[PDB]
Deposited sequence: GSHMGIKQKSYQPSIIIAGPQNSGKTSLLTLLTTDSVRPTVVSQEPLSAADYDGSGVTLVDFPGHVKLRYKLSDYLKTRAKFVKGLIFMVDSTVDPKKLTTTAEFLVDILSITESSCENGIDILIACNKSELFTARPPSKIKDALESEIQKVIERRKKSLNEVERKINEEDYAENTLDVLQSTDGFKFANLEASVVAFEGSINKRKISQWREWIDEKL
């Protein structure tokens, strides 16, 4: 048996350690690049652990190993992105997300629910959450085709988020402005 948990994952610079800090201290504080996961056990007395995994390419195995051992006890996964990233430059982010989904959809009967947390909403060049989600979906189809063509030279999953067993929702937020109410509602559902 393990304790239920909710996972925070996604690319470097997205705001994962910043969110766990806000959720656990009610404050916004300086952070730098993470090398190990940050955990909050028995969050708000709910029995659920919150865990933030580093985003650096060379450390992705920490999240993969955790899902192989514990996926049946995971109540939800938050995939965080910086909303200002050019939606025509999402290849590396889409590879990360499709690698997560291959594991979550196959290791559980009904998959694991996903929140795409589109952070930094107060910035001028922040893109809308429905546009980010649509862009990621398109790029994941291209990643799967590239990997199929190379193999001739992901069967649990053209690609559409709606056709997954788990639910996938995208909402904006701003940690710096303390404006994350839709993310906090999603968390309160999964607790």
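| request: In sequence order, name the stretches of the deposited sequence that have no C-alpha in these coordinates. | output: Unmodelled stretches: 1 to 9, 163 to 176, 181 to 184.
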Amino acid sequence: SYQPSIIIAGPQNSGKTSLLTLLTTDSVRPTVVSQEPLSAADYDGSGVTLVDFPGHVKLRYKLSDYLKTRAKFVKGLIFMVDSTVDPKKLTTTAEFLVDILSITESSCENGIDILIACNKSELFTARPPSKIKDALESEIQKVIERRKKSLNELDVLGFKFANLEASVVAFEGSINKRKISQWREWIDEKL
From here on, numbers count along this sequence of modelled residues.
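| field | Between the two ranges 63 to 71 and 142 to 150, the one averaging a larger CA B factor in the entry | value | Higher mean C-alpha B-factor: 142 to 150.
| message | Using only C-alpha atoms and the B-factors in the entry, which stretch averages higher, 101 to 109 or 73 to 81? | response | It is 101 to 109.
| Looking at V156, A166, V51, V48, which has the biggest Cα B factor in the entry? | That would be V156.
| Mind checking which third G55 falls in for C-alpha B-factor across the chain? | Middle third, going by the recorded CA B-factors of the chain.
| message | Is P30 in the lowest, middle or highest third of its chain when residues are ranked by C-alpha B-factor? | response | Tercile = highest for this residue's CA B-factor.
| By the record's CA B-factor, is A126 among the lowest, middle or highest third of residues in the chain? | CA B-factor rank for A126: lowest third.
| task | Divide the modelled residues of the chain into thirds by Cα B-factor and specify which third, lowest, middle or highest, holds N119. | result | Tercile = lowest for this residue's CA B-factor.
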